[PDB]
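In the block that follows, a single chain appears as structure tokens, in the form deposited in one PDB entry.
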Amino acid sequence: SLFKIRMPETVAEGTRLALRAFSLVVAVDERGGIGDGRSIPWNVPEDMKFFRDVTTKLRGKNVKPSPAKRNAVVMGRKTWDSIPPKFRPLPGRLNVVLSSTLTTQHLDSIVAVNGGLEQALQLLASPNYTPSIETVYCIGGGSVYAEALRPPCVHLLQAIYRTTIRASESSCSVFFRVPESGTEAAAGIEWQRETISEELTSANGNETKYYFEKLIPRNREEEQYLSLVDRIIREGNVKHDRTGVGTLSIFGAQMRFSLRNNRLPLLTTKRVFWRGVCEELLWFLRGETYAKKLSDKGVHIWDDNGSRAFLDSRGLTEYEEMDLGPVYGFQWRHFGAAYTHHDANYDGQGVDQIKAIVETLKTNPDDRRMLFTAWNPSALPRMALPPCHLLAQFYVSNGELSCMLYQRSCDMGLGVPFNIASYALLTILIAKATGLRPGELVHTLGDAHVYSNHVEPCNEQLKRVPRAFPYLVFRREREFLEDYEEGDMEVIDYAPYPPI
């Protein structure tokens, strides 16, 4: 259509292919030895059990692994050779073998990959594997672990499950060490001990001592969110909202989130309603104002503010139910245009801020005026609500598009994580529209608050260790920005905590 924004013919320079996140499972001795090059020297049945259990089990309670939903184990060919023929393939799991020589048919529970772990992580990110494969485990061996600890794979590592066997084995010629936080080899990742078992003794007849630990990469960006929540609780002033409900509040804060390689800052310590986020954002981008378009895909976030009662209380007696007035996206695409009803034609009316930004980004990336706003004092009384996230500015450095969001009023529990996700998506889409790579989201908060009745619940959430952020993958592209659908994209490896 004539007033839509045409997408580029080609992807931005540098854009990666999709990659699954994975966990690493390993057994080491005290000097970091894992094997002689053909086998594992020690015999510790308890580690065998642990390795089987962790790689087999799914996040769901007592769920049985099936072709429909299972885990995948990724292994080097030599590790496949070390498994005695009668125990292979490893039951309940998709066995992924890395080999330049061997093929799948030299043997659907097995698949060969001509390439390293990166290629395996690419394969499992295919639409053929993403619905059925819940977690990917790097189970070895040495050359796979080495690759796993190396960019690009190392940034996709969710967790390391390391068993330490208290044995001295001079036959070990292959090694594995988790680089300590702050060290050069750590490559900017801060490894943390999440759990450690008590020191246990094997019933192998040698009384071999062993223990387990789970290591995770520190999610600094979510810690930044939790520190703010914690600060508000500890130091915020008591305030009351429009319905007289108590909040704890601070004024003026700022957070940052990397969107690089389509990383998606969906918070892990509380599940964020991504589908609603995505549907709403696309609805903004299209310049929509009819909330029924959202209620019909089961996104009910605007129901309360679109009701006959609420619109009437806002003086908006002429609007149909769910007609919100010239809100958000309308101002984005038609700033200043007169509003009558949602179903009217607004093509070429008001200022199309999104259109202008997309054109300036392509020709003059150093420009300092690439901002869009929904804060239109003239049109505020005509809106169901004044805009919360009201302003955004774009910035370009190193072929990466960054965005700053300004938000006047910020509910830390629900609004904030939702809006971080919205603008992450927006920045990713605008990057795609302009031939740029996604860069950084900066979030500026005005009145940042927690509900006084959510204090105890938030305190419980603050004890949770943040997990890694998921990634966003586009399964198909569109000719126009406005034609993107929620179904066009997939959030991969989002593993948030269950409800409080």
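Rigid core here is just the name for the largest C-alpha set that superposes within 1.5 Å across the two forms. Numbers follow the displayed sequence, beginning with 1.
S.K.: Quick check on the record: how many residues from the deposited sequence are absent from the model between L200 and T201 (none, 1 to 3, 4 to 9, 10 or more)?
M.R.: According to the record, the chain runs unbroken from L200 to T201.
S.K.: Regarding 424-432 and 315-323, which shows the higher C-alpha temperature factor on average in the entry?
M.R.: It is 315-323.
S.K.: Select between 448-456 and 55-63 the stretch whose C-alpha atoms have the higher average B-factor in the entry.
M.R.: That would be 55-63.
S.K.: When the CA B-factors of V272, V351, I133, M412 are compared as recorded in the entry, which is the largest?
M.R.: Within the set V272, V351, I133, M412, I133 shows the top C-alpha B-factor.
S.K.: For the C-alpha B-factor as written in the entry, point me to the maximum among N419, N364, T101, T373.
M.R.: That would be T101.
S.K.: Taking the values exactly as deposited, rank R77 by C-alpha B-factor within its chain and report the matching third: lowest, middle or highest.
M.R.: Tercile = highest for this residue's CA B-factor.
S.K.: Select lowest, middle or highest to describe the third in which the CA B-factor of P84 falls within its chain in this entry.
M.R.: For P84, the deposited C-alpha B-factor lands in the highest third.
S.K.: Could you say whether, by C-alpha temperature factor, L462 belongs to the lowest, middle or highest third of its chain?
M.R.: Middle third by C-alpha B-factor.
S.K.: Could you tell me which third, lowest, middle or highest, the C-alpha B-factor of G32 occupies within its chain?
M.R.: Middle third, going by the recorded CA B-factors of the chain.
S.K.: Ranked by Cα temperature factor within the chain, is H443 in the lowest third, the middle third or the highest third?
M.R.: Ranked within chain, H443 CA B lands in the lowest tercile.
The following text describes the form deposited in another entry, which does not appear among the structures shown.
S.K.: Core-aligned, between this form and the one not shown, one residue among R408, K355, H300, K209 moves its CA by 2 Å or more. Tell me which.
M.R.: Spelled out, the residue whose C-alpha shifts by 2 Å or more is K209.
S.K.: Relative to the superposed rigid core, does the CA atom of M48 travel 2 Å or more between this form and the one not shown?
M.R.: Superposed on the core, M48 moves its C-alpha 2 Å or more between this form and the one not shown.
S.K.: Is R166 one of the residues whose Cα moves 2 Å or more between this form and the one not shown, with the core superposed?
M.R.: Yes; that C-alpha moves by at least 2 Å between this form and the one not shown.
S.K.: Using the core for the fit, does the CA position of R263 change by 2 Å or more between this form and the one not shown?
M.R.: Shift at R263: below 2 Å after core fit.
S.K.: Your call: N364 and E13 CA atoms, closer or farther in that other deposited form versus the shown structure, by 3 Å or more?
M.R.: Compared with this form, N364 and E13 lie farther apart in that other deposited form.
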